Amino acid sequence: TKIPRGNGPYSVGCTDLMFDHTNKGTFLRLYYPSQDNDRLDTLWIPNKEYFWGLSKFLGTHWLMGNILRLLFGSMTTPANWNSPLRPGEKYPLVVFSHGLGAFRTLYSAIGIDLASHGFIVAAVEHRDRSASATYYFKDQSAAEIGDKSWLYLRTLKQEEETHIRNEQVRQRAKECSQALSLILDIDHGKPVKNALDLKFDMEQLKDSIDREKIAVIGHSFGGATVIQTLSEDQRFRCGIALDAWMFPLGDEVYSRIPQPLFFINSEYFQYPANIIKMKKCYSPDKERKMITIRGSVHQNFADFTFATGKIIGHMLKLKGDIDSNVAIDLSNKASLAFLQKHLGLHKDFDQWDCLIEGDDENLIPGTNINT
């Protein structure tokens, strides 16, 4: 695989859960420490409509849709599809929020690496009309026959952006909370019928969560989601915003975030008006960190940075100067250090504590932007 395997000891399974079947239900892909390690058989982008949504989002022709499908429709990601859960432990839980124009399967490099260090990761698919595409079922009968209703990204007008994006980040915060409530209900034995008919038995998750050790991670729109989610939902003990895009957030929220918050930026995405909102989250009392990964671009945090080669990747801005596997390792280790600090984990991850302060040839403490 072009998507790197996890760098932790645990082997990794993956599955998808939709409950309930409506567009008000939760939809997520789960990455988890698995028992068996047979095959790395997981389909990266599982449906043609995701490629069609990606072209809509990119603003290109009807044809681009099919080209993308041609090129990436059979690409897999290094996790064991539906492989059983590893028994005899309670895992800390990460909920993960995707960016504008993404969806639940595009951050497996991150999900798989967290899982391989003994996390369960719940990667939500949002239904706020920010995903390039997503689906739901009209009713039980539809769900039975796999008759999906697809919902594509909404393009907005300039005059409604401020309001529509704020409503979307509140919808996203509600969906992260609901995903966490679903997983915690399951851990305590709630019966759940997965609208997707997959081998993985959800009841396996009874008593498999460390319900004290919960964190929300997200990229870009997903980084704004982190903050809205922490502001709204005290069960999350901490958040990591990967290259947050701060425009959706209300003025009022920056003063209203109790939890530790880690900002991990690329070099090229960032701008004054964005770093200003970040810094508004700062306080002597409340714990905040910031690092910048040098030479990196927005896409270094998403799997598309592994989907092409260096020259196309570099051309399309899927890749930065810094190498892709190197950038992602840095983000991941820094993240782990910070989750083990503010979750109370009992692992070796504080070996990367220096990364939180900006201590590697490839990081900037804080930002190079001034404000």
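Residue indices: 1-based, along the sequence shown. For clarity, a rigid core is taken as the largest C-alpha set superposing within 1.5 Å between two forms.
Asker: For a rigid core alignment of each structure in 8 other deposited structures of this protein onto the shown form, which stretch has the higher root mean square Cα deviation: 138-146 or 124-132?
Answerer: After the core superposition, the stretch with higher RMS deviation in 8 other deposited structures of this protein is 138-146.
Asker: In 8 other deposited structures of this protein, superposed on the rigid core, which stretch sits farther off in Cα RMS terms, 64-72 or 39-47?
Answerer: After the core superposition, the stretch with higher RMS deviation in 8 other deposited structures of this protein is 39-47.
Asker: Please compare 243-251 with 281-289 and name the stretch with the higher mean C-alpha B-factor in the deposited structure.
Answerer: Higher of the two, by average CA B-factor, is 281-289.
Asker: Comparing 23-31 with 38-46, which stretch shows the greater average C-alpha B-factor in the deposited entry?
Answerer: Averaging CA B-factors over each stretch, the winner is 38-46.
Asker: Looking at the temperature factor on the CA atom of residue 18, which third of the chain's modelled residues does it land in?
Answerer: Its C-alpha B-factor, which the entry lists for residue 18, ranks in the lowest third among residues of this chain.
Asker: Sorting by Cα B-factor within the chain, modelled residues only, which third would residue 339 end up in: lowest, middle or highest?
Answerer: Middle third by C-alpha B-factor.
Asker: Which third, lowest, middle or highest, does the CA B-factor of residue 167 fall in along this chain?
Answerer: It belongs to the lowest third of the chain when residues are ordered by C-alpha B-factor.
Asker: If you rank every modelled residue in this chain by C-alpha B factor, which third holds residue 200: lowest, middle or highest?
Answerer: For residue 200, whose C-alpha B-factor we compare with every modelled residue in the chain, the answer is the highest third.
Asker: Sorting by Cα B-factor within the chain, modelled residues only, which third would residue 160 end up in: lowest, middle or highest?
Answerer: CA B-factor rank for residue 160: highest third.
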